[PDB]
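Written below as structure tokens is the structure these notes are about.
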Amino acid sequence: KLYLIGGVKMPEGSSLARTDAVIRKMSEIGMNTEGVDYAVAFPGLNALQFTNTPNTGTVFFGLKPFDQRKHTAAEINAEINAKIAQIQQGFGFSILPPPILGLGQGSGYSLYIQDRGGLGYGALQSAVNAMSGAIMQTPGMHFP
Amino acid sequence: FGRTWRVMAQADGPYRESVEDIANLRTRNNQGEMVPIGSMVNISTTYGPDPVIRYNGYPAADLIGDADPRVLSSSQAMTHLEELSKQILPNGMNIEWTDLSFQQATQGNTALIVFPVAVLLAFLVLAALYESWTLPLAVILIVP
Amino acid sequence: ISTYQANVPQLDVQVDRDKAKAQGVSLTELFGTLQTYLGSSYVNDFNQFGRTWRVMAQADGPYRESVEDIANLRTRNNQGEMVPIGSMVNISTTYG
Amino acid sequence: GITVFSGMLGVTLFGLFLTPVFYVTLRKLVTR
Amino acid sequence: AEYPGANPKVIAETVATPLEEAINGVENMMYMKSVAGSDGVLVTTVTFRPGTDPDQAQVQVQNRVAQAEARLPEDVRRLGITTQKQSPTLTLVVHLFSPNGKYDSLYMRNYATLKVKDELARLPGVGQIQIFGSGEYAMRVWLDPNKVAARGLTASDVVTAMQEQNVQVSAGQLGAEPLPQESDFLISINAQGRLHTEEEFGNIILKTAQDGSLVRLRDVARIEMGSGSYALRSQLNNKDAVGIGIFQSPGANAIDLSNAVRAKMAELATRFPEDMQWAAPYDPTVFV
Amino acid sequence: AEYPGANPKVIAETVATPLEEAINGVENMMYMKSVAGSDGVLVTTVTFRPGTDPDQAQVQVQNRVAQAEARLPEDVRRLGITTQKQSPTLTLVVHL
Amino acid sequence: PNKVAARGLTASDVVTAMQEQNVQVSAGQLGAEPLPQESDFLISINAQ
């Protein structure tokens, strides 16, 4: 869809200044990569929820027309996702646009881990860590 | 400018940098003087969730990911995630699909109703038009 | 035929904040007197014939007909005395 | 495009050789 | 909903839960979600089955909110709760930027809020207009705790002073009907007590000092106006720009909304100041 | 809406303008008109295209008024705002 | 009522005390936006 969706998740308690420094690095990486037309950055804006959060960011990477490049969107996304993985300050990611515009924030699956038993936020945090590890272990799946 | 705007009062930024700034705020006592509030409050560090997400009336945590199409499909990924849910998530907690994944899970075996019904409808129409029970069989046998 | 008209006389009553402070009359007391004597004041409700009706407080007609009457309204200052409000409001006429 | 192109290519080759066989077999079975 | 200064846990416990209790059971509701952030803003999204009337869904949800409105805290109640039909994903982003960096963060952000937002929000098919990273345009009195304490005042004293010195009063009319004899003229009376400018607010009297000098508001606080003087954070390419987000209403045509916004922005660019330019690089509609 | 004692100018500013701000932008709207008199009563009329359902538009306009509730002054707030579908022309008059 | 009156307290005195000692206060964060320099951390304050 001639654009990609990227974001960052800095360590908890990070100020907006730290998030902005990493976001400016992702925008430089994206525009450096061939086939990327522009980079729209929104530091402090959560990618998956569109709510303000100090330790999160959002970058939209525009793509040139299909005839102007010899790489598909998936190849560009994989190339960017590999380069932004070298940033040690915070966790970075990039995903493809959702198949249906206006339904979902990005391509792939989407789920919520509900806490219907009152186990508390600590137990809910542990399940997310356990779930991410298992998904990473499964071949053919990226890190959620 | 012919509009209406609000009025807000708050301490300036520099006077809210560290914990010592909180303890140095001054409040009037009964006798009429001003004393710091640090002698009447206790300040300590605590961990908590930010942001707090609630899905369908229960505390929840979102999860978004993607898989390599040449290794795992969307339908396969959803099924693999469900079996991990009943394996890892403790009792009282479960996953819930959202966005396109909700539509993918909600839809039934839509191929399993229309395909046999359409074949049955075509067979009946051919029998009615051509006055035979075995002649339509010569036509619908090429559908497989 | 047009019902529009822009030459309707109006009265502008400006409250001199610094003068009121020197005179010793609080703004709340000053504004409340104008809001009650001249403008209608809604107090509370009362019940008659099984229904609820409002209770209104306002100055009578004879004492509400001239600029001098507005200047003759009396407020309470910080010393507890009665003082006319004509020495803190700049009553003026305007059109609209 | 790949679905309908592959399907029609297979149908044309299979239909030209199976439909006459299906017609003859069923008619002979009925008239048996 | 907005709860200024409240931590996320309090917002979810005291605001999100009462709203969810009133919102559940709405017809044709698929699922609902609430996100409460440290900024003091709670966002609740209610998703309905496809084919549901967006207008009927909004009024039903807005009526449920009005019922729970009494359970909410006073601070949340005072600011108000906004219910709008709105696509949860961006439809088109309009960027305001200075090619040579003539203007600062304050100027462009104020321009977008004051002279861009209202024009865009009037277009048909618009669900919500959001300036990313920009606060609301309002008075902002930045108190100095040391100066206020030295003068012999508290935070409550300062707040109460400006609450009573900026009030609106109606003064009736002269020659009313209760006169014993019919009057000849009827003149309306105008009593004014409001304030409009920073100097007027800076002239608010707090107390009379022991030397007889009147302590004004400007003596202890840094009075400021605007949508926020902090540095620009939104970026276009790698420069600094103001990003305006447009969310379409459900059922509205995406193509027409993109054309309408672009057409209006062309008209607005006619009266743009020098070295002020606009662009819309991010637009999924052009792919459609 | 009602504002006892307020002149037509302020009503058009602090009452009519906030309402028009939140009311503009309803579906099938044709034109609007607001009148603020010296009696302290504000009347705003929103006219839609023929064939529009009056019931669905009536709740929408009332919802818009509720959205701008906080902007109104407290004096107007305590009296309330009435939103009703209504023909602006007389149908029948009964004389006692 | 007998014990409240014995202490010299009225019903209004008791009600006023309870609604002024059980209140919700919001304390914002530290190192907030209007700083003149970029802060390294931002921590919320939970005043209960």
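Chain lettering (A, B, ...) mirrors the order of the structure tokens, residue numbering begins at 1 for each chain separately, and ligand numbering begins at 1 in order of display.
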
Set the distance at 7 Å and use only C-alpha atoms: which residues neighbour residue 55 (chain C) once local chain neighbours fewer than 3 positions away are removed? I'd like the list as a list in words. residues 42, 43, 44, 45 and 46 of chain C

Output the contact residues of chain F with respect to chain B at a cut-off of 10 Å, based on only C-alpha atoms, as a ChimeraX atom specification. /F:13-14,17-18,21,71-72

Write the residues you've just listed into a file as an mmCIF file, in the first residue's frame, and include N, CA, C and O atoms for each of them.
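Result file result_37.cif:
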```cif
data_model
loop_
_atom_site.group_PDB
_atom_site.id
_atom_site.type_symbol
_atom_site.label_atom_id
_atom_site.label_comp_id
_atom_site.auth_asym_id
_atom_site.auth_seq_id
_atom_site.Cartn_x
_atom_site.Cartn_y
_atom_site.Cartn_z
ATOM 1 N N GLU F 13 -22.884 35.845 21.924
ATOM 2 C CA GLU F 13 -21.455 35.594 22.055
ATOM 3 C C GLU F 13 -21.142 34.377 22.918
ATOM 4 O O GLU F 13 -20.443 33.465 22.466
ATOM 5 N N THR F 14 -21.637 34.342 24.155
ATOM 6 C CA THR F 14 -21.314 33.263 25.078
ATOM 7 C C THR F 14 -22.350 32.146 25.098
ATOM 8 O O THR F 14 -22.138 31.144 25.790
ATOM 9 N N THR F 17 -23.062 31.440 20.089
ATOM 10 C CA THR F 17 -21.847 31.008 19.401
ATOM 11 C C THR F 17 -21.384 29.621 19.834
ATOM 12 O O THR F 17 -21.082 28.798 18.953
ATOM 13 N N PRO F 18 -21.294 29.290 21.131
ATOM 14 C CA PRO F 18 -20.933 27.904 21.485
ATOM 15 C C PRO F 18 -21.907 26.870 20.948
ATOM 16 O O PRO F 18 -21.486 25.776 20.553
ATOM 17 N N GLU F 21 -21.359 26.485 17.273
ATOM 18 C CA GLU F 21 -20.094 25.792 17.059
ATOM 19 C C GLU F 21 -20.284 24.280 17.078
ATOM 20 O O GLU F 21 -19.701 23.563 16.258
ATOM 21 N N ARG F 71 -19.445 24.886 28.082
ATOM 22 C CA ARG F 71 -19.122 26.235 27.629
ATOM 23 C C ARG F 71 -20.100 27.266 28.177
ATOM 24 O O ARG F 71 -19.735 28.433 28.358
ATOM 25 N N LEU F 72 -21.339 26.858 28.443
ATOM 26 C CA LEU F 72 -22.364 27.787 28.883
ATOM 27 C C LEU F 72 -22.072 28.300 30.291
ATOM 28 O O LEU F 72 -21.454 27.607 31.103
#
```

Using only C-alpha atoms, which residues sit within 12 Å of region 3-12 of chain D once same-chain residues fewer than 2 positions away are excluded, as a compact mmCIF listing (two decimals) with C-alpha atoms, in the first residue's frame?
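For reference, around.txt as written:
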```
# COMPACT_ATOMS: atom_id res chain seq x y z
CA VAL B 139 -21.70 -32.65 -16.30
CA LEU B 141 -18.49 -35.01 -12.50
CA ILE B 142 -16.04 -32.55 -14.10
CA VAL B 143 -16.45 -30.10 -11.20
CA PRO B 144 -14.01 -32.08 -8.99
CA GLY D 1 -5.85 -14.79 -11.95
CA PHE D 14 -9.86 -32.77 -19.05
CA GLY D 15 -13.31 -31.83 -20.35
CA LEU D 16 -12.49 -32.65 -23.97
CA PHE D 17 -11.48 -36.20 -23.00
CA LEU D 18 -13.64 -37.06 -19.98
CA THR D 19 -17.05 -35.62 -20.87
```

If we count only C-alpha atoms, which residues of chain B reach to within 12 Å of chain A? Please list them as a PyMOL selection string. chain B and resi 46-105

Could you pull out the alpha helix (DSSP H) residues of chain G, going by DSSP on the backbone, and write them as a VMD selection string? chain G and resid 2 to 6 11 to 21

Interface list for chain A, partner chain G, 12 Å threshold, only C-alpha atoms, as a ChimeraX atom specification: /A:10-21,53-55

If the cut-off is 6 Å, can you tell me the residues of chain A near chain E, counting only C-alpha atoms? I'd like them as a list in words.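 The contacting residues on chain A are residues 38, 39, 40, 41, 42 and 102 of chain A.
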
Using only C-alpha atoms and a cut-off of 12 Å, which residues of chain F sit close to chain C? Please list them as a list in words. residues 2, 3, 4, 5, 6, 7, 8, 9, 10, 35, 37, 38, 39, 40, 75, 76, 78 and 79 of chain F

With only C-alpha atoms considered, list every residue of chain G at most 6 Å from chain E, as a PyMOL selection string. chain G and resi 26-28

May I have the selected residues written with N, CA and C atoms, as a tab-separated table (two decimals), in the first residue's frame?
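out.tsv, freshly written:
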```tsv
chain	number	residue	atom	x	y	z
G	26	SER	N	-4.89	14.43	42.58
G	26	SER	CA	-4.04	14.10	41.44
G	26	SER	C	-2.77	14.93	41.52
G	27	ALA	N	-1.62	14.26	41.40
G	27	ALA	CA	-0.33	14.91	41.62
G	27	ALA	C	0.53	14.99	40.36
G	28	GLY	N	0.01	14.57	39.21
G	28	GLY	CA	0.77	14.72	37.97
G	28	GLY	C	2.04	13.89	37.97
```

Please determine the contact residues of chain B with respect to chain G at a cut-off of 6 Å, counting only C-alpha atoms, and supply them as a VMD selection string. chain B and resid 13 to 14 16 to 17

So that I have them on file, write out the residues from the current selection with N, CA and C atoms, as an mmCIF file, in the first residue's frame.
```
data_model
loop_
_atom_site.group_PDB
_atom_site.id
_atom_site.type_symbol
_atom_site.label_atom_id
_atom_site.label_comp_id
_atom_site.auth_asym_id
_atom_site.auth_seq_id
_atom_site.Cartn_x
_atom_site.Cartn_y
_atom_site.Cartn_z
ATOM 1 N N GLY B 13 7.655 24.302 35.700
ATOM 2 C CA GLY B 13 8.399 23.096 35.425
ATOM 3 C C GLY B 13 9.643 22.881 36.269
ATOM 4 N N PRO B 14 10.502 23.901 36.397
ATOM 5 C CA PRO B 14 11.738 23.708 37.176
ATOM 6 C C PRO B 14 11.504 23.318 38.624
ATOM 7 N N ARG B 16 9.431 21.192 39.770
ATOM 8 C CA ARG B 16 8.867 19.850 39.860
ATOM 9 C C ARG B 16 9.822 18.817 39.278
ATOM 10 N N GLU B 17 11.127 19.009 39.475
ATOM 11 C CA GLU B 17 12.111 18.134 38.845
ATOM 12 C C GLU B 17 12.377 16.884 39.672
#
```

List every residue of region 4-88 of chain F that has an atom at most 12 Å from any atom of region 110-122 of chain E, and for each one report the closest atom pair and its distance in Å to one decimal, counting only C-alpha atoms, with rows sorted by chain and then by increasing residue number, as JSON lines.
```
{"residue": "F:20", "atom": "CA", "partner": "E:122", "partner_atom": "CA", "distance": 11.5}
{"residue": "F:21", "atom": "CA", "partner": "E:118", "partner_atom": "CA", "distance": 9.2}
{"residue": "F:22", "atom": "CA", "partner": "E:122", "partner_atom": "CA", "distance": 10.0}
{"residue": "F:23", "atom": "CA", "partner": "E:122", "partner_atom": "CA", "distance": 10.4}
{"residue": "F:24", "atom": "CA", "partner": "E:122", "partner_atom": "CA", "distance": 7.4}
{"residue": "F:25", "atom": "CA", "partner": "E:122", "partner_atom": "CA", "distance": 6.2}
{"residue": "F:26", "atom": "CA", "partner": "E:122", "partner_atom": "CA", "distance": 9.9}
{"residue": "F:27", "atom": "CA", "partner": "E:122", "partner_atom": "CA", "distance": 11.8}
```

Give me the residues within 10 Å of residue 1 (chain G) as a VMD selection string, counting only C-alpha atoms and dropping any in the same chain fewer than 3 places off. chain G and resid 4 to 6 9 to 11

Among chain F, which ones does DSSP place in strand (DSSP E), written as a PyMOL selection string? chain F and resi 29-36+42-48

Atomic distance CA of residue 93 (chain C) - CA of residue 19 (chain F), expressed in Å with one decimal: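 These atoms are spaced 29.1 Å apart.
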
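In terms of minimum interatomic distance to residue 188 (chain E), C:67 ranks closest within C:67, C:15, C:57, C:27, counting only C-alpha atoms.
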
Using only C-alpha atoms, find the residues of chain E whose closest atom to chain F is at most 10 Å away, then write them as a ChimeraX atom specification. /E:55-56,58-59,62-63,66,77-84,118,121-126,167-173,186-192

How would the residues just picked look written out with N, CA and C atoms as an mmCIF file, in the first residue's frame?
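After the write, selection04.cif holds the following:
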```cif
data_model
loop_
_atom_site.group_PDB
_atom_site.id
_atom_site.type_symbol
_atom_site.label_atom_id
_atom_site.label_comp_id
_atom_site.auth_asym_id
_atom_site.auth_seq_id
_atom_site.Cartn_x
_atom_site.Cartn_y
_atom_site.Cartn_z
ATOM 1 N N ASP E 55 -24.928 6.663 13.109
ATOM 2 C CA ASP E 55 -25.623 7.723 13.832
ATOM 3 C C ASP E 55 -26.418 7.167 15.005
ATOM 4 N N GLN E 56 -27.092 6.033 14.808
ATOM 5 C CA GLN E 56 -27.836 5.420 15.902
ATOM 6 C C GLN E 56 -26.898 4.899 16.981
ATOM 7 N N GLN E 58 -23.980 6.173 17.865
ATOM 8 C CA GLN E 58 -23.405 7.270 18.639
ATOM 9 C C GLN E 58 -24.387 7.789 19.681
ATOM 10 N N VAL E 59 -25.643 8.006 19.285
ATOM 11 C CA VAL E 59 -26.616 8.585 20.207
ATOM 12 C C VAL E 59 -26.924 7.617 21.342
ATOM 13 N N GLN E 62 -23.820 7.792 23.559
ATOM 14 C CA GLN E 62 -23.769 9.083 24.236
ATOM 15 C C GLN E 62 -24.804 9.175 25.347
ATOM 16 N N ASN E 63 -25.948 8.513 25.180
ATOM 17 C CA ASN E 63 -26.964 8.518 26.225
ATOM 18 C C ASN E 63 -26.551 7.653 27.408
ATOM 19 N N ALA E 66 -24.144 9.709 29.462
ATOM 20 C CA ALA E 66 -24.816 10.728 30.261
ATOM 21 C C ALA E 66 -25.379 10.157 31.556
ATOM 22 N N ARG E 77 -15.976 15.453 35.517
ATOM 23 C CA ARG E 77 -17.295 15.953 35.145
ATOM 24 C C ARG E 77 -17.219 17.376 34.608
ATOM 25 N N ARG E 78 -16.370 18.211 35.212
ATOM 26 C CA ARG E 78 -16.301 19.618 34.826
ATOM 27 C C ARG E 78 -15.823 19.783 33.389
ATOM 28 N N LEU E 79 -14.831 18.995 32.975
ATOM 29 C CA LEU E 79 -14.288 19.115 31.627
ATOM 30 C C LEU E 79 -15.210 18.537 30.562
ATOM 31 N N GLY E 80 -16.035 17.563 30.907
ATOM 32 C CA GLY E 80 -16.962 16.999 29.940
ATOM 33 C C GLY E 80 -16.425 15.747 29.277
ATOM 34 N N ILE E 81 -17.352 14.917 28.804
ATOM 35 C CA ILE E 81 -17.037 13.676 28.107
ATOM 36 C C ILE E 81 -17.528 13.806 26.673
ATOM 37 N N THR E 82 -16.653 13.513 25.718
ATOM 38 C CA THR E 82 -16.958 13.658 24.302
ATOM 39 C C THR E 82 -17.181 12.288 23.678
ATOM 40 N N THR E 83 -18.309 12.133 22.992
ATOM 41 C CA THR E 83 -18.644 10.915 22.269
ATOM 42 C C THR E 83 -18.777 11.245 20.791
ATOM 43 N N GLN E 84 -17.994 10.568 19.956
ATOM 44 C CA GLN E 84 -17.987 10.852 18.526
ATOM 45 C C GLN E 84 -17.844 9.556 17.748
ATOM 46 N N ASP E 118 -10.500 24.330 13.061
ATOM 47 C CA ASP E 118 -11.931 24.602 12.972
ATOM 48 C C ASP E 118 -12.427 24.525 11.535
ATOM 49 N N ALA E 121 -12.611 20.770 10.637
ATOM 50 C CA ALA E 121 -13.674 20.068 11.347
ATOM 51 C C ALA E 121 -15.052 20.361 10.770
ATOM 52 N N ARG E 122 -15.206 21.465 10.040
ATOM 53 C CA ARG E 122 -16.488 21.802 9.436
ATOM 54 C C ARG E 122 -16.774 21.008 8.169
ATOM 55 N N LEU E 123 -15.769 20.349 7.598
ATOM 56 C CA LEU E 123 -15.972 19.590 6.378
ATOM 57 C C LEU E 123 -16.848 18.369 6.648
ATOM 58 N N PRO E 124 -17.689 17.984 5.690
ATOM 59 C CA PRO E 124 -18.487 16.765 5.857
ATOM 60 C C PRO E 124 -17.615 15.521 5.827
ATOM 61 N N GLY E 125 -18.048 14.500 6.562
ATOM 62 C CA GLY E 125 -17.323 13.250 6.636
ATOM 63 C C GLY E 125 -16.154 13.238 7.596
ATOM 64 N N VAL E 126 -15.953 14.302 8.365
ATOM 65 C CA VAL E 126 -14.853 14.362 9.321
ATOM 66 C C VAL E 126 -15.325 13.818 10.660
ATOM 67 N N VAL E 167 -15.837 36.888 36.634
ATOM 68 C CA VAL E 167 -17.192 36.361 36.706
ATOM 69 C C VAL E 167 -18.064 37.119 35.714
ATOM 70 N N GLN E 168 -19.179 36.496 35.346
ATOM 71 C CA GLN E 168 -20.126 37.060 34.394
ATOM 72 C C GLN E 168 -21.435 37.364 35.110
ATOM 73 N N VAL E 169 -21.961 38.569 34.895
ATOM 74 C CA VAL E 169 -23.132 39.053 35.614
ATOM 75 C C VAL E 169 -24.098 39.705 34.635
ATOM 76 N N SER E 170 -25.383 39.405 34.806
ATOM 77 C CA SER E 170 -26.454 40.032 34.047
ATOM 78 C C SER E 170 -27.139 41.087 34.907
ATOM 79 N N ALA E 171 -27.508 42.207 34.279
ATOM 80 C CA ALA E 171 -28.003 43.364 35.018
ATOM 81 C C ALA E 171 -29.396 43.802 34.575
ATOM 82 N N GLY E 172 -30.154 42.928 33.914
ATOM 83 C CA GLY E 172 -31.545 43.231 33.624
ATOM 84 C C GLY E 172 -31.726 44.408 32.678
ATOM 85 N N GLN E 173 -32.843 45.112 32.860
ATOM 86 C CA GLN E 173 -33.192 46.247 32.019
ATOM 87 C C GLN E 173 -33.950 47.270 32.853
ATOM 88 N N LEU E 186 -37.603 51.267 27.084
ATOM 89 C CA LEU E 186 -37.024 50.072 27.687
ATOM 90 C C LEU E 186 -35.570 49.979 27.258
ATOM 91 N N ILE E 187 -34.656 50.053 28.223
ATOM 92 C CA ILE E 187 -33.223 50.055 27.958
ATOM 93 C C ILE E 187 -32.591 48.877 28.682
ATOM 94 N N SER E 188 -31.849 48.058 27.942
ATOM 95 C CA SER E 188 -31.124 46.946 28.536
ATOM 96 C C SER E 188 -29.865 47.442 29.236
ATOM 97 N N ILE E 189 -29.435 46.693 30.249
ATOM 98 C CA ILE E 189 -28.282 47.049 31.065
ATOM 99 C C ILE E 189 -27.213 45.978 30.898
ATOM 100 N N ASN E 190 -25.971 46.414 30.706
ATOM 101 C CA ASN E 190 -24.836 45.522 30.469
ATOM 102 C C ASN E 190 -23.851 45.659 31.626
ATOM 103 N N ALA E 191 -23.700 44.591 32.404
ATOM 104 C CA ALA E 191 -22.684 44.528 33.444
ATOM 105 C C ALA E 191 -21.604 43.537 33.031
ATOM 106 N N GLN E 192 -20.356 43.994 33.012
ATOM 107 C CA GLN E 192 -19.234 43.189 32.553
ATOM 108 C C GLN E 192 -18.229 43.001 33.679
#
```

Exercise: region 118-129 of chain B partners within 10 Å, only C-alpha atoms, chain neighbours under 4 positions left out, as an MDAnalysis selection string: chainID B and resid 113:114 133:140 143
